[PDB]
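Q:
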Amino acid sequence: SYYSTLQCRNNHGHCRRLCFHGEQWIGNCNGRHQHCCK
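Numbering (the deposited numbering), first residue to last: 1 to 38.
Right, here's the structure in full:
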């Protein structure tokens, strides 16, 4: 599925293994250890 990845997109986040400084871990994208970072 891509639903969670797409929702990261819709939320203006980025799917990352680790969130960058200043970014909040607001969800997960699809895939393994793909975190939605905003």
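In this text, a Cβ means the ideal position worked out from N, Cα and C, and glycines have one as well.
Please list the terminal residues of the continuous beta strand (DSSP E) segment that includes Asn28.
A: Looking at the DSSP string, the run of the beta strand (DSSP E) that includes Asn28 is 25–28.
Q: Could you compute how far the alpha carbon of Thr5 sits from the alpha carbon of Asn30?
A: If I take the Cα positions, the gap works out to 5 Å.
Q: Quick one: Cα of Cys8 to Cα of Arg17, how far?
A: Rounded to whole angstroms, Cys8 to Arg17 spans 14 Å at the Cα level.
Q: Can you name, in chain order, every residue of its own chain whose Cβ lies under 7 Å from the Cβ of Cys19, other than the five neighbours on each side?
A: Same-chain partners within the cutoff: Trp25, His35, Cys37.
Q: Along the chain, where does the beta strand (DSSP E) containing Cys15 start, and where does it finish?
A: First-last of the beta strand (DSSP E) with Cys15: 14–16.
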